[PDB]
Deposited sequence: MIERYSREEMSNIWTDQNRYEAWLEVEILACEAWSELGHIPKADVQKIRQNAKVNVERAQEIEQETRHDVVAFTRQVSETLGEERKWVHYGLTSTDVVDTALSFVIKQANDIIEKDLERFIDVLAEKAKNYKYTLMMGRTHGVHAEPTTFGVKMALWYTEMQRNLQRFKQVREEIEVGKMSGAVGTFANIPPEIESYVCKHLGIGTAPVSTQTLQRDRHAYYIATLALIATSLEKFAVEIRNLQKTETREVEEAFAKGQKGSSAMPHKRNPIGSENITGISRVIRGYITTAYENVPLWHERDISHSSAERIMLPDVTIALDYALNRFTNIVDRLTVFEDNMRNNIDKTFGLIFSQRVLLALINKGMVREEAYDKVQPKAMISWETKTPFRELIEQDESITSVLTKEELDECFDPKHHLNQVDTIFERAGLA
């Protein structure tokens, strides 16, 4: 997953940054105790200045201590003088590990939120730039009635707007800390320590907690980040569908898939969209794992920790990369407006049959009289390969021909587009 990681998200999930987050939690812990008259401020001002993380040293110590917080606590302590004594004062491993983890998630969520807002903009501009670009609506892969590429982009815009709303919400659920002690009873640690750290780390407090944060928070979070990935797959599948050789209504404007410098000009592949699809299949795996991490035993068990070492970075790193790669795909996406408008007539004008029927009935004609002077001619249009108009024009529906144009006009279906865009927040 170094091939599928952008730099900013990748750095967040390094050991450097996890230990630095433990340090901040620890130091802030001492600042909290100090306001409560347990530790002299001078000693804490010393700690902030002299404390340095060393990933290699901590990991040397970890092979003997067999415990990762103890190792960290010892490492930092080797960079300090006497103020060593206050490092981790009246705290338990997971008061740090878990408050710090929520902090790092807050950092990851800052990125993903920006990715989401960017993608929403890309979708807003694509929508407006193809507002009236007629193409075929398709149901079961079959031509039904026309629509516009702009409307399809508006469909996506509002989906993402739903997905952002969600994500914003789950952030308040997940960016939450805990410093409630060995069993969540605040027995040997007042709640004002938690209150202090979490305010300064810019996160909230779990009102009631165990040794660890409650994992229904994490699970919904994964659920959410997976929903975003799934709808990215939806969009990617659209592009894949529309880039098919027989359609050619859009094209990933990357030139990828070959043929640019070769003699195979037809090889225009949606491999980026295929990529996004496959990453989506991974993000969704961790729905299982995140959900199975909820039934921890009693106050705590640590099984969730090994699983979320792999899942939390993977899922945020994958999601960050998918959001941006597909934001680019969509931005650069090449839309063939003429191929779209051409494909409207692959069904020989049979999509405008109900309109010719209606046009006859709304002209003094009987509900069945009009039906028998359309249906048989409509049939022959499909069986032979000739326009639906040319067969209608032969029979006496003439005396009208001045406005069969209106029945066969796909621009009829644009009549509510301005409202669809208003509804979507794109006016």
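Residues of the deposited sequence lacking C-alpha coordinates fall in the stretches 1, 401-403, numbered from 1.
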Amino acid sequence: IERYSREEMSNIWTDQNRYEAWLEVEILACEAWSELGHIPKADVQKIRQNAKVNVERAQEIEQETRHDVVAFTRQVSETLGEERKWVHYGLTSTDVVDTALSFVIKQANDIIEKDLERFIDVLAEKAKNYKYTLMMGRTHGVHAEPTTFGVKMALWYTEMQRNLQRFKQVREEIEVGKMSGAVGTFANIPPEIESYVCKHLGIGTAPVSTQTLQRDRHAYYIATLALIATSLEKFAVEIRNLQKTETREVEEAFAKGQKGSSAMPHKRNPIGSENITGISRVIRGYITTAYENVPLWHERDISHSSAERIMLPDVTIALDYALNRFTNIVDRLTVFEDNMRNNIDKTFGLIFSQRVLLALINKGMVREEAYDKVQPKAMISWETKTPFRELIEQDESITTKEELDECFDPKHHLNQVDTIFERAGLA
From here on, numbers count along this sequence of modelled residues.
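According to the PDB record, 182-190 carries the higher mean C-alpha B-factor of the two stretches 182-190 and 118-126.
In this entry, 266-274 shows the higher mean Cα temperature factor of the pair 234-242 and 266-274.
Take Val97, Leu201, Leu350, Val330 and read off each C-alpha B-factor from the entry; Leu350 has the highest.
Split the chain's modelled residues into thirds by C-alpha temperature factor. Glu299 is in the lowest one. Remark: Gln258 belongs to the highest third of its chain, ranked by C-alpha B-factor as recorded. In the PDB entry, a CA B factor belonging to the middle third of its chain's modelled residues is recorded for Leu80.
Compared with the other modelled residues of the chain, the Cα B-factor recorded for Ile310 ranks in the lowest third.
In this PDB entry, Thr205 carries a Cα temperature factor that places it within the middle third of its chain's modelled residues.
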